[PDB]
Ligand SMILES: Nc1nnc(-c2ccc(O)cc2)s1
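The chain that follows stands alone, in the form deposited without this ligand, written as structure tokens.
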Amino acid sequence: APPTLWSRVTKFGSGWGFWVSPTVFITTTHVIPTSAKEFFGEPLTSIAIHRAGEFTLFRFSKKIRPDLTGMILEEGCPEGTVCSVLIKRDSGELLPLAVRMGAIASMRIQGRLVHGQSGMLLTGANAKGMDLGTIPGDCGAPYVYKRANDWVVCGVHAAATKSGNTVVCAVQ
């Protein structure tokens, strides 16, 4: 995946977030530190926060990442789209995990109720574990795909089933 996509993936709370543009940062709601009143040196009063279940978007009133171009954010993707989940792991290793996307779903995972776009890993069989699959520290990582000449971001990593085969992308 392009270097300019990996540069937008930022360590955040108990996981990750993704810069869509100089002013717009998206993440998974449950990774946000709950008592927090300041982000990138800005008070809450100078930030527009839009929450929909496990999807959260931060819009800043100043340019936090002026090195970046604004890119396209969509509400999930067509069934059958192959996405990459942009996962960073201990030591500058980069894991763009291939996933085939399916329907919008409501599921129960480890007791909690989860809603988003379902998908199935294309990395191997029985993908439980860090080598072929996702771990809790991956939450907030972006789902991206190449559409003709450009790249699209279509959600953030929210959950994976016990077996590891099914994942859920939280969507705008």
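Residue positions are given as counts along the sequence shown, with the first one as 1.
As for the form solved in complex with this ligand, it is not shown, yet the points below apply to it.
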query	finding
This ligand contact in the deposited complex: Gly70, any heavy atom under 4.5 Å	yes
In the deposited complex, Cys154 touching this ligand (heavy atom, 4.5 Å)	no
Non-hydrogen atom contact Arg59 with this ligand in the deposited complex at 4.5 angstroms	yes
Residues in 20-38 close to this ligand in the deposited complex, defined by a heavy atom within 4.5 Å, in order	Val20, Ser21, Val24
